Amino acid sequence: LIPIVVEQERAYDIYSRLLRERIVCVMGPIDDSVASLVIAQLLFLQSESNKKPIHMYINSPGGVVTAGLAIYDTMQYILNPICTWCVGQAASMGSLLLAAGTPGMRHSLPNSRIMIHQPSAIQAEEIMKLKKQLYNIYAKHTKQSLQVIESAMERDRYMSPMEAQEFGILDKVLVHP
Amino acid sequence: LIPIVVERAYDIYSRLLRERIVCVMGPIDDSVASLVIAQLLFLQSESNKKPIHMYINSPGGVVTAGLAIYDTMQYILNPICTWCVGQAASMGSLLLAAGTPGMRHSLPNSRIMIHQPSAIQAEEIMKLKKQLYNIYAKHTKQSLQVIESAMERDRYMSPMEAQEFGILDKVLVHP
Amino acid sequence: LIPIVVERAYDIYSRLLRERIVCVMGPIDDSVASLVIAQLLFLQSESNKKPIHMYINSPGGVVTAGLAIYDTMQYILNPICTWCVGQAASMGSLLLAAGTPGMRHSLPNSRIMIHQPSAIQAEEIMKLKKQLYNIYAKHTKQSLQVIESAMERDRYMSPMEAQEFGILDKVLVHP
Amino acid sequence: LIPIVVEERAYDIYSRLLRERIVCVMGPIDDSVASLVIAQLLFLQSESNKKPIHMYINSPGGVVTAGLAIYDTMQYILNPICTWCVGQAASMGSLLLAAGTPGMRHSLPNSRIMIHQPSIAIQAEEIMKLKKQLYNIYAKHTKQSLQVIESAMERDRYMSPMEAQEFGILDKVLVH
Amino acid sequence: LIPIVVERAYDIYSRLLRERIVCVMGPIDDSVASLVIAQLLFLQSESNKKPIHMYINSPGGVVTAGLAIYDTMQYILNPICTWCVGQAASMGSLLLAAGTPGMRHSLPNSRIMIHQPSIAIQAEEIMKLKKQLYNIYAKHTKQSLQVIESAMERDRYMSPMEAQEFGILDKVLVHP
Amino acid sequence: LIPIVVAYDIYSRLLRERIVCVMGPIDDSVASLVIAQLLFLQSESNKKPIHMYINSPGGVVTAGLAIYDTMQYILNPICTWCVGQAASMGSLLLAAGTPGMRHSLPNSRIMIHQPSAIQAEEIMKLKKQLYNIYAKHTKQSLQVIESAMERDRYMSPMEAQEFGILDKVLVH
Amino acid sequence: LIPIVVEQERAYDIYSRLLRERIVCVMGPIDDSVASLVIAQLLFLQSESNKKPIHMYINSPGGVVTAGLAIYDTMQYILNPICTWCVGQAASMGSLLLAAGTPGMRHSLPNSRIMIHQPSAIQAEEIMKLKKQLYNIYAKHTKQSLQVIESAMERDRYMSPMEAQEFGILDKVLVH
Amino acid sequence: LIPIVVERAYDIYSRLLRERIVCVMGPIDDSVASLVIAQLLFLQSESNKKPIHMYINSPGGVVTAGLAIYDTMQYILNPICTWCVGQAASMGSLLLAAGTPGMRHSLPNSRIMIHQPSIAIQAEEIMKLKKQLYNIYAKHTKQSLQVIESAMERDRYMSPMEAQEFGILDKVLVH
Amino acid sequence: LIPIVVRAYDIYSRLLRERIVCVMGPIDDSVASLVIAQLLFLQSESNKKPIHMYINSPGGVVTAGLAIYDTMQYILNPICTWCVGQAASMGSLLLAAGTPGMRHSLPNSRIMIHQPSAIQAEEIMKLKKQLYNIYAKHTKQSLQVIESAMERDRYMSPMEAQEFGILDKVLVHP
Ligand SMILES: O=c1c2c(c3cccnc3n1Cc1ccc(Cl)cc1)CCN(Cc1cccc(Cl)c1)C2
Ligand SMILES: O=c1c2c(c3cccnc3n1Cc1ccc(Cl)cc1)CCN(Cc1cccc(Cl)c1)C2
Ligand SMILES: O=c1c2c(c3cccnc3n1Cc1ccc(Cl)cc1)CCN(Cc1cccc(Cl)c1)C2
Ligand SMILES: O=c1c2c(c3cccnc3n1Cc1ccc(Cl)cc1)CCN(Cc1cccc(Cl)c1)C2
Ligand SMILES: O=c1c2c(c3cccnc3n1Cc1ccc(Cl)cc1)CCN(Cc1cccc(Cl)c1)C2
Ligand SMILES: O=c1c2c(c3cccnc3n1Cc1ccc(Cl)cc1)CCN(Cc1cccc(Cl)c1)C2
Ligand SMILES: O=c1c2c(c3cccnc3n1Cc1ccc(Cl)cc1)CCN(Cc1cccc(Cl)c1)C2
Ligand SMILES: O=c1c2c(c3cccnc3n1Cc1ccc(Cl)cc1)CCN(Cc1cccc(Cl)c1)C2
Ligand SMILES: O=c1c2c(c3cccnc3n1Cc1ccc(Cl)cc1)CCN(Cc1cccc(Cl)c1)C2
């Protein structure tokens, strides 16, 4: 099961303990219920303090686009600087959350792989309206012109942490503290 | 269910966590990696100098998840003790070999496989595999060629054989 | 089920085989490969000089099965007209471009793709995809670097753009 | 469900058995139960590496590497281990039963014993390496020869407790 | 779900356990056999002199699981009051007849069946267990083997009194 | 889910008021739970009555007879209430109610007809265990019981008061 | 939907027409039902003429080992020369059949994939006795050492047609 | 997917039945038993002295179905040639042993097992069918019952020659 | 896959032309339907030449068995019943229902009259009686012996079933 930690007294499950340290780990497929559970924690965490930084752990293959955007809007709304940390793969919407971190504060561990390409019910016009919301969100953050974003996304390939740094998805590739 | 142990009583798994022992039993997925990573970071915060103990009995699993555990192992300042019971195959043998040098152990009758099991673009399968070549070459001190070649053989190593290859350091029958 | 036409009677696909027309509709696998190869060798028996017309409306499929069809087209002496109707994808575009030079066709609203959709080791998926690079380059006249870079793009092509690349030769609305 | 006994702390009856240094191995052996038994043994040695630990075996066998991991742990810890076969001990379970401390392997009257093996994915060479690993373990504790140990495990049959005692798998057939 | 009683709060089933009552109800498998053995050994530790009460409403179960419970019943020193309510069939009716002599009860409308239902085993091995049940039945019912073998050959249930005349139980009680 | 009252689960409450709910299909698991409840309320007092709420469409014949003989064994008076349909075994546990204390609500449905692995002879010996049981509690002859149980038919609470299956019908 | 061909009037399906040219397209996964049709077709083709060549088309991923040995033995039994043709792929028991053709008559098309690696309910001793049967057969036909065959088959990899020729599995690599 | 042959047109299996060959391939059950028995009786009425051939490639099956075939083989007057291809285990090996003496064959790589593997029936009934198999085996292998029991107790396969030594067949067709 | 023989019929259609009906498998309403159709047809060709019935069955639906049994007694043809493999439940009743002197079995068959373990109890009990009678009539055993033999959960050897009265000849070859 989920292991329990004790400190002096109260007993915590391990994911509640991380939240106490101001850490929100987006480590699964992104869907409406994960968005609900992240947004609640982010909002709770600035309620503690609008200035003290908040940490996100991103090991995700992507997911539902509106759910990732619900998370994205929340990150931008809240005042805290947000550190994005990519430990597993950062793919589809997961990469969008990684690049949306506070500039200069977006990290990745050395062996992660990042992919901005989106995998393959709504109309064509609506699918295509959402794809361009990503473009612009990516161009806003990745700091790549809209066109090269498009070119990079149509390429079904992964990036290395060094590649993603050159591309502007993330800011620092560390191995040790 | 899970038994409890005692004054306070804790389930036996959380008890191992109180002893800085991190169980990595069963197949590795994103669910297991995230849970392992959380405990590793928790235990480092209690002490960046007391050793960490990983028990490994795993048939392998997702590469990115196993790599996520690998990178956390390297990141934390703590010396990490990998212990192998039963088996360590595919990503399992990589986590074991990524223990702190001189502190990677196997019980006598365990089995070790670094050969990977038989969706994404063909070039991505090759890039991830080649990241395994470098990681194994770093920690077994072998060469990339050797690593590749040995990974091409569908077979298991005895603890003795895996000690000569560089995956582990001690085959402890007794304390 | 399948309608019957008179000439003695014959189901409507066997009638196309009488007109030297072979149908590759739908996904490719080993069974389809055995059907397609048998008809191709059979039609060569009737005459190794008169052309064989091969219709393609396929999203691709097993790559080794598709290669079994490609080798058989190249093997037989008969010139082979390829006709893409509806759309072409994965192995579909390979067989389309593999037709005899000058006899590669497509209808206006066709929809062609050389990108490959996402249990064997990592290295043999590489050599397989690299075999396709060379087959594509030989028929499209492009450099391996142009082929390799193009196959990375997840997109379909128009019949006119597929002709510009060298996949097919004529975009026919009516003869 | 599981009953609760209260001593004031309240325990599930299995934890209460674990209280008395009793580890239950009832049912098939897979990776999850190997972990749960190993943790119990490792913990019970932490309590005391001198007091004996009692191990209850009613198992039809299971995954081999899971059994080898419980066996390897049994030999690692310093406590003497008393194995008790109730019901049945077949395939890997009988190896855990035979792996008790000499003079401390017991079975109940109606306790069936079987060393024959039932007939992820592995090469052929790897299944034969594991079979011979069991050939050596059984011979070490039963004191029989490899020749005897291979021939016996070739037979699809069960042993009575006394036939197992005569064989070297257990040491005491107790009625009371 | 399971109701709770208060005295401290207990689920009803754990309340029956402090009264020294163990419930063998439902099909008998290795899990059921494991709890029953644990409660029995636990009840012996609180007092090896004071009677334990067993309640049997079982339609049978795994033979080796029933034998594991039976052996535990004989091992411990406590007298065992077995109670059949609803039905006791095959391994269920064996446990009922294996209570302490003079303390095998049944409610008026209960039913008893010693007929057996029809890891897999060899022909020679199902016959060996079939013969153990004969001897076990022959012991606690005081009939000839020849009586037992033929009685189990018939696919029928008996009345409480017919089970009394046969030797499986001692008392058919309506009221205390 | 299950509500809480002040603190106990609501079903754990009714039992403290000496009430038992036989409300669902009767099987071995229901039997044990029920029968353990009955035996525990007798530990409270062998004299304060036990009330039993019955809304069941039937179930395993041995399970119902298991509860039945338990009701007979314990001394306390037992009041049976057919709040809800009493089909088959529920209707059985009803006649079993202490003479004079078998009630029902107005729109209840009662049926003694049995619904359409054993031998062919055993089922018959069971169908006849039931014949004697209603004939004992409904005061009827075995013939009228056997003939009525052939009818795939429900009784309304007044009818079954005439039959003898219950004693009082209550609106309040 | 199997097309039909006519001769004049005799209407065959596309496969019965290939059988009539003494060509048997043994493709797809090999099991007992595949074994039978292949055994029969081969046997039937010899009854028409024990001198004219027989042709096999192999596009198979492998399959049940005993079924491939049934086909193998019949290929050897019939006096006819057998021309094996690999199109697409021939792995595990497929590649064995491809190597089992008459010396100087085992072909492959330019893009075929050939593998002798065996992929990952019988005892361990006899899964190994089968593996050694494959060693001997592979070495008899490829004219390689036993040891060379063993270690080549533990490498999980495919061969190209022109490496398979160098190894001894096939003789000729045709483009026309 | 079953081919036809001409002679004037047969599916290939009926062609084999025309050649007095009866196929027993796959698991043996009541449907196999009925079809095999009907072919045996049909072949006897065509000629009660021409030999009949059986092709055995079976892992075994239901015991009563196999016995129904065994008794029919013994009933009919024809000599019966048994040919083992692939494997002959459990009831498969009994039908193979129950051929006319001197007419029991096997191919080189075949495998043979008499060990019985592990309507539902009582204990006394399995041993009844089991002892009944012992006596049929001794009957045709000329072995003693004591040899038969202990041999069938071992979970293993025989080579074609080790089975010939034991009395199951008479001949191995070596190339 | 059913073979065809030589004017070309499948192996099973061939075995009807030879006045033979084979109940090889479990008995249900569909089997009874197909069996009874054959029996009435075989009587159409002639109701004097024998009809040969092959039985390798573990039983099945009782009414379907009784439907076949009644048709057997109705048609005038003498019916040779043959048990190969086994005959249990309704299978043994169809076997014992053969014409006196013409009920056979091969040496290694097993025969069972025990009935293995929706309707009411009265109705199932009532068909048991029915089987009780049919068994007593053809084995010529008394009802008392019949019902005691079917509470027993066991099979008979062909020779044992001959002295019980379920068959007449245990033969190895003609
Ligand atoms: O941020 C808020 C917000 C609201 C609020 C209202 C009352 C008390 N506080 C509140 N706080 C602070 C807080 C306290 C406690 C916790 Cl636990 C968490 C957060 C209302 C508006 N809402 C807007 C919003 C922002 C982003 C995403 C969504 Cl979907 C919605 C923000
Ligand atoms: O280690 C950290 C980290 C961060 C952090 C942030 C705020 C407060 N503390 C933090 N601590 C200490 C801590 C105390 C208590 C607990 Cl319970 C857990 C951790 C953020 C950076 N991150 C880096 C990292 C390394 C390896 C794997 C991953 Cl995925 C991530 C480590
Ligand atoms: O083409 C052939 C071939 C062969 C052949 C052998 C004997 C008689 N004819 C034969 N013919 C002519 C034919 C007549 C009639 C029909 Cl119906 C079909 C074909 C053997 C070799 N093989 C090579 C081959 C090429 C491409 C793919 C594969 Cl898998 C195999 C081609
Ligand atoms: O025995 C140990 C061990 C280790 C350990 C580390 C830190 C704290 N304590 C530890 N103890 C004592 C302990 C107390 C309490 C509990 Cl609950 C569990 C264990 C590490 C090494 N390991 C080796 C081992 C042997 C057999 C099987 C396995 Cl898989 C592993 C033994
Ligand atoms: O009975 C025992 C036993 C043992 C034991 C060892 C140490 C401490 N106590 C122990 N007790 C008393 C106890 C206290 C508390 C509880 Cl909760 C349960 C039991 C060891 C031997 N074993 C034998 C046995 C008998 C019957 C069935 C089986 Cl499978 C096994 C009985
Ligand atoms: O009634 C009993 C009974 C027994 C008993 C034994 C020890 C302590 N008390 C006991 N009591 C009183 C009690 C106290 C406490 C509780 Cl919580 C519940 C009940 C044993 C016999 N049994 C007979 C019985 C009757 C009906 C159905 C069944 Cl299956 C069994 C009744
Ligand atoms: O080859 C045979 C064989 C037999 C045979 C018997 C009677 C008539 N003919 C026969 N022929 C010629 C034939 C005619 C027609 C057809 Cl369609 C096919 C073949 C009997 C022996 N058997 C041996 C055998 C070899 C390889 C595999 C197996 Cl499993 C079995 C070969
Ligand atoms: O062998 C027989 C038999 C019978 C028969 C009756 C009428 C016409 N012929 C008959 N023949 C020859 C035949 C020709 C043609 C065909 Cl297609 C099939 C068979 C009746 C008796 N029976 C006995 C038997 C033996 C072995 C197994 C069983 Cl289950 C049954 C054999
Ligand atoms: O026997 C009959 C019967 C009827 C019949 C009617 C018209 C033409 N013929 C008929 N025959 C001879 C026939 C020839 C050929 C064939 Cl294929 C089938 C039957 C009608 C009555 N029926 C009674 C019956 C007996 C047994 C079982 C059942 Cl369910 C029904 C018998």
# chains A, B, ... in the order shown; residues from 1 in each chain; ligands from 1

$ calpha_fit_and_write --fixed "chain B" --moving "chain C" --output "tab-separated table (two decimals) with C-alpha atoms, in the first residue's frame"
chain	number	residue	atom	x	y	z
C	1	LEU	CA	-3.99	-7.95	4.51
C	2	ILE	CA	-0.74	-6.36	5.68
C	3	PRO	CA	0.27	-7.22	9.27
C	4	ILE	CA	0.83	-4.55	11.92
C	5	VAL	CA	3.78	-4.34	14.31
C	6	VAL	CA	4.12	-2.33	17.51
C	7	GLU	CA	6.96	-0.01	18.52
C	8	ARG	CA	2.06	3.35	18.44
C	9	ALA	CA	1.53	0.92	15.56
C	10	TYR	CA	2.65	0.89	11.94
C	11	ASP	CA	2.13	-1.39	8.96
C	12	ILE	CA	5.12	-3.55	8.27
C	13	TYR	CA	6.29	-1.64	5.18
C	14	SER	CA	6.09	1.75	6.89
C	15	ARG	CA	8.26	0.16	9.57
C	16	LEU	CA	10.91	-0.65	6.96
C	17	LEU	CA	10.80	3.00	5.91
C	18	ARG	CA	11.57	3.87	9.54
C	19	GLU	CA	14.68	1.68	9.28
C	20	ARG	CA	15.65	3.54	6.07
C	21	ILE	CA	14.71	0.49	3.97
C	22	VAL	CA	12.97	1.11	0.64
C	23	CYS	CA	11.25	-1.80	-1.12
C	24	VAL	CA	11.19	-2.28	-4.89
C	25	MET	CA	9.18	-5.50	-5.19
C	26	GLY	CA	7.55	-6.54	-8.43
C	27	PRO	CA	7.09	-4.74	-11.74
C	28	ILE	CA	8.19	-1.14	-12.17
C	29	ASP	CA	5.82	1.50	-13.54
C	30	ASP	CA	5.11	5.20	-13.06
C	31	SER	CA	3.20	4.72	-9.79
C	32	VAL	CA	5.98	2.63	-8.25
C	33	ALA	CA	8.46	5.25	-9.47
C	34	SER	CA	6.57	8.01	-7.65
C	35	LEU	CA	6.44	5.90	-4.47
C	36	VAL	CA	10.14	5.03	-4.62
C	37	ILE	CA	11.26	8.57	-5.48
C	38	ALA	CA	9.19	10.13	-2.69
C	39	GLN	CA	10.67	7.82	-0.04
C	40	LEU	CA	14.20	8.44	-1.34
C	41	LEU	CA	13.81	12.21	-1.09
C	42	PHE	CA	12.01	11.86	2.25
C	43	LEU	CA	14.79	9.71	3.70
C	44	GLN	CA	17.36	12.24	2.49
C	45	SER	CA	15.45	14.94	4.39
C	46	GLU	CA	15.81	13.00	7.65
C	47	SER	CA	19.55	12.77	6.95
C	48	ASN	CA	21.56	13.21	3.75
C	49	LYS	CA	24.39	11.22	5.38
C	50	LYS	CA	22.98	8.00	6.61
C	51	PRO	CA	22.67	5.19	4.05
C	52	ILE	CA	19.45	4.05	2.39
C	53	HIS	CA	18.92	0.33	1.84
C	54	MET	CA	16.96	-0.60	-1.30
C	55	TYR	CA	15.65	-4.15	-1.73
C	56	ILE	CA	15.05	-5.35	-5.29
C	57	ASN	CA	12.98	-8.39	-6.35
C	58	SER	CA	11.79	-7.23	-9.76
C	59	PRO	CA	11.47	-8.44	-13.37
C	60	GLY	CA	11.89	-4.89	-14.69
C	61	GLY	CA	9.30	-2.64	-16.22
C	62	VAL	CA	8.77	0.70	-17.93
C	63	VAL	CA	12.23	1.94	-18.82
C	64	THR	CA	11.47	5.66	-18.47
C	65	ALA	CA	9.97	4.93	-15.05
C	66	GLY	CA	13.10	3.02	-14.05
C	67	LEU	CA	15.28	5.89	-15.26
C	68	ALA	CA	13.23	8.20	-13.03
C	69	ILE	CA	14.40	6.06	-10.10
C	70	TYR	CA	18.00	5.86	-11.32
C	71	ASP	CA	18.41	9.64	-11.63
C	72	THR	CA	17.03	10.04	-8.13
C	73	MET	CA	19.50	7.58	-6.60
C	74	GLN	CA	22.38	9.41	-8.28
C	75	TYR	CA	20.95	12.81	-7.35
C	76	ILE	CA	20.67	12.29	-3.59
C	77	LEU	CA	23.84	12.45	-1.52
C	78	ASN	CA	23.00	9.43	0.63
C	79	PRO	CA	24.96	6.26	-0.16
C	80	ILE	CA	22.56	3.55	-1.31
C	81	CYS	CA	22.99	-0.16	-0.62
C	82	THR	CA	21.23	-2.30	-3.21
C	83	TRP	CA	20.20	-5.84	-2.24
C	84	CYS	CA	18.95	-8.31	-4.85
C	85	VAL	CA	16.73	-11.05	-3.47
C	86	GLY	CA	15.02	-13.77	-5.46
C	87	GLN	CA	15.84	-12.45	-8.92
C	88	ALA	CA	16.55	-9.35	-11.00
C	89	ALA	CA	15.53	-8.58	-14.58
C	90	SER	CA	15.40	-5.70	-17.06
C	91	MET	CA	15.32	-2.38	-15.21
C	92	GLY	CA	15.85	-4.40	-12.03
C	93	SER	CA	19.49	-5.11	-12.82
C	94	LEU	CA	20.03	-1.45	-13.70
C	95	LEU	CA	18.94	-0.22	-10.27
C	96	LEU	CA	20.92	-3.03	-8.62
C	97	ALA	CA	24.15	-2.08	-10.40
C	98	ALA	CA	23.38	1.63	-9.89
C	99	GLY	CA	23.96	1.39	-6.13
C	100	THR	CA	26.86	3.12	-4.45
C	101	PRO	CA	30.17	1.39	-5.31
C	102	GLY	CA	31.00	-1.36	-2.84
C	103	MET	CA	27.45	-1.50	-1.45
C	104	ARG	CA	25.86	-3.62	-4.21
C	105	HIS	CA	24.75	-6.96	-2.77
C	106	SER	CA	22.92	-10.15	-3.67
C	107	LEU	CA	21.80	-13.31	-1.91
C	108	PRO	CA	22.98	-16.78	-3.03
C	109	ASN	CA	20.00	-17.92	-5.12
C	110	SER	CA	19.34	-14.55	-6.80
C	111	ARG	CA	18.94	-14.53	-10.56
C	112	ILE	CA	20.08	-11.41	-12.43
C	113	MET	CA	19.50	-10.30	-16.03
C	114	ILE	CA	20.56	-7.25	-18.04
C	115	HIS	CA	18.83	-8.38	-21.24
C	116	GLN	CA	15.69	-6.37	-21.93
C	117	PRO	CA	12.39	-8.13	-22.67
C	118	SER	CA	10.77	-7.51	-26.04
C	119	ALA	CA	3.85	3.00	-28.49
C	120	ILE	CA	6.80	5.05	-29.78
C	121	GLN	CA	8.76	5.34	-33.03
C	122	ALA	CA	11.70	3.14	-34.00
C	123	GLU	CA	14.43	5.73	-33.38
C	124	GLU	CA	13.42	6.63	-29.82
C	125	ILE	CA	13.46	2.98	-28.73
C	126	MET	CA	17.06	3.00	-30.00
C	127	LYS	CA	18.17	6.08	-28.05
C	128	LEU	CA	16.43	4.71	-24.95
C	129	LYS	CA	18.28	1.40	-25.12
C	130	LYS	CA	21.52	3.26	-25.88
C	131	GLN	CA	21.03	5.36	-22.74
C	132	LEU	CA	20.98	2.05	-20.85
C	133	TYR	CA	24.22	0.96	-22.54
C	134	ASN	CA	25.96	3.99	-21.05
C	135	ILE	CA	24.38	3.67	-17.60
C	136	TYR	CA	25.38	0.00	-17.50
C	137	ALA	CA	28.92	0.65	-18.73
C	138	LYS	CA	29.57	3.40	-16.17
C	139	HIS	CA	28.69	1.12	-13.24
C	140	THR	CA	29.86	-2.31	-14.47
C	141	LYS	CA	33.18	-0.78	-15.71
C	142	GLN	CA	32.76	-2.60	-19.04
C	143	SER	CA	33.17	-1.30	-22.56
C	144	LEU	CA	30.05	-0.25	-24.45
C	145	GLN	CA	30.79	-3.11	-26.84
C	146	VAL	CA	30.90	-5.58	-23.93
C	147	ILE	CA	27.63	-4.17	-22.58
C	148	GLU	CA	25.87	-4.01	-25.96
C	149	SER	CA	26.98	-7.55	-26.85
C	150	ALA	CA	26.02	-8.94	-23.44
C	151	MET	CA	22.53	-7.39	-23.47
C	152	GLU	CA	21.85	-9.30	-26.70
C	153	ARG	CA	22.05	-12.62	-24.81
C	154	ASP	CA	18.66	-13.80	-23.49
C	155	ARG	CA	19.82	-15.34	-20.22
C	156	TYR	CA	20.06	-14.86	-16.46
C	157	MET	CA	23.25	-14.61	-14.42
C	158	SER	CA	24.36	-16.10	-11.14
C	159	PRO	CA	25.21	-13.68	-8.31
C	160	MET	CA	28.88	-14.68	-8.62
C	161	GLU	CA	28.92	-14.07	-12.38
C	162	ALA	CA	27.03	-10.81	-11.84
C	163	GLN	CA	29.83	-9.76	-9.49
C	164	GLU	CA	32.44	-10.82	-12.05
C	165	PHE	CA	30.77	-8.53	-14.60
C	166	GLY	CA	30.69	-5.53	-12.24
C	167	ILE	CA	26.94	-5.42	-11.57
C	168	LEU	CA	27.24	-6.10	-7.84
C	169	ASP	CA	30.05	-6.25	-5.28
C	170	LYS	CA	29.29	-8.88	-2.60
C	171	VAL	CA	27.43	-12.20	-2.56
C	172	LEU	CA	26.37	-12.60	1.07
C	173	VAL	CA	24.98	-15.73	2.71
C	174	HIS	CA	24.90	-14.07	6.15
C	175	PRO	CA	26.72	-11.05	7.57

$ residues_near_ligand --ligand "ligand 9" --cutoff "6 Å" --atoms "only C-alpha atoms and all ligand atoms" --output "ChimeraX atom specification"
/I:40-41,44,71

$ write_last_selection --atoms "N, CA, C and O atoms" --output "JSON list (two decimals), in the first residue's frame"
[["chain", "number", "residue", "atom", "x", "y", "z"],
["I", 40, "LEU", "N", -37.08, -42.68, -37.19],
["I", 40, "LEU", "CA", -38.31, -42.75, -37.97],
["I", 40, "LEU", "C", -38.01, -42.92, -39.45],
["I", 40, "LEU", "O", -38.74, -43.61, -40.17],
["I", 41, "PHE", "N", -36.92, -42.31, -39.93],
["I", 41, "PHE", "CA", -36.55, -42.46, -41.34],
["I", 41, "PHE", "C", -36.03, -43.86, -41.62],
["I", 41, "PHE", "O", -36.38, -44.46, -42.64],
["I", 44, "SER", "N", -38.65, -46.05, -42.19],
["I", 44, "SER", "CA", -39.33, -45.83, -43.46],
["I", 44, "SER", "C", -38.78, -46.73, -44.55],
["I", 44, "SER", "O", -39.54, -47.32, -45.33],
["I", 71, "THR", "N", -39.14, -43.18, -28.79],
["I", 71, "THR", "CA", -39.06, -43.45, -30.22],
["I", 71, "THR", "C", -38.45, -44.82, -30.49],
["I", 71, "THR", "O", -38.87, -45.53, -31.41]]

$ residues_around --residues "range 37-50 of chain D" --least-positions-apart "4" --cutoff "8 Å" --atoms "only C-alpha atoms" --output "list in words"
residues 12, 13 and 16 of chain B; 18, 21, 23, 24, 25, 33, 69, 70, 73, 74, 77, 78, 79 and 80 of chain D

$ write_last_selection --atoms "C-alpha atoms" --output "mmCIF file, in the first residue's frame"
data_model
loop_
_atom_site.group_PDB
_atom_site.id
_atom_site.type_symbol
_atom_site.label_atom_id
_atom_site.label_comp_id
_atom_site.auth_asym_id
_atom_site.auth_seq_id
_atom_site.Cartn_x
_atom_site.Cartn_y
_atom_site.Cartn_z
ATOM 1 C CA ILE B 12 5.312 -3.737 8.441
ATOM 2 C CA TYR B 13 6.029 -1.880 5.186
ATOM 3 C CA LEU B 16 10.899 -0.826 6.891
ATOM 4 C CA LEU D 18 3.574 -12.674 14.293
ATOM 5 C CA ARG D 21 7.339 -15.110 16.273
ATOM 6 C CA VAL D 23 5.254 -16.480 10.267
ATOM 7 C CA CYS D 24 2.411 -17.949 8.211
ATOM 8 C CA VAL D 25 3.072 -19.181 4.675
ATOM 9 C CA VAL D 33 4.067 -12.969 -0.204
ATOM 10 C CA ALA D 69 14.150 -15.484 -1.951
ATOM 11 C CA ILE D 70 12.360 -16.810 1.139
ATOM 12 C CA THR D 73 16.480 -15.068 3.724
ATOM 13 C CA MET D 74 15.862 -18.053 6.013
ATOM 14 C CA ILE D 77 19.127 -14.648 9.533
ATOM 15 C CA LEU D 78 20.834 -16.084 12.605
ATOM 16 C CA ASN D 79 17.745 -17.325 14.450
ATOM 17 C CA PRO D 80 16.986 -21.050 14.341
#

$ interface_residues --of "chain E" --to "chain I" --cutoff "9 Å" --atoms "only C-alpha atoms" --output "PDB file with C-alpha atoms, in the first residue's frame"
ATOM      1  CA  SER E 150     -19.922 -47.799   1.229  1.00  0.00           C
ATOM      2  CA  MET E 152     -19.635 -42.314   1.216  1.00  0.00           C
ATOM      3  CA  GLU E 153     -20.399 -44.111  -2.058  1.00  0.00           C
ATOM      4  CA  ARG E 154     -24.008 -42.860  -1.816  1.00  0.00           C
ATOM      5  CA  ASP E 155     -24.793 -39.279  -2.864  1.00  0.00           C
ATOM      6  CA  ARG E 156     -27.269 -38.393  -0.128  1.00  0.00           C
TER       7      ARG E 156
END

$ residues_near_ligand --ligand "ligand 7" --cutoff "8 Å" --atoms "only C-alpha atoms and all ligand atoms" --output "VMD selection string"
(chain G and resid 36 39 to 47 70 to 71 73 to 74 77 to 78) or (chain H and resid 12 to 13 15 to 16 19 to 21 52 to 53 55 to 57 81 83 to 85 107)
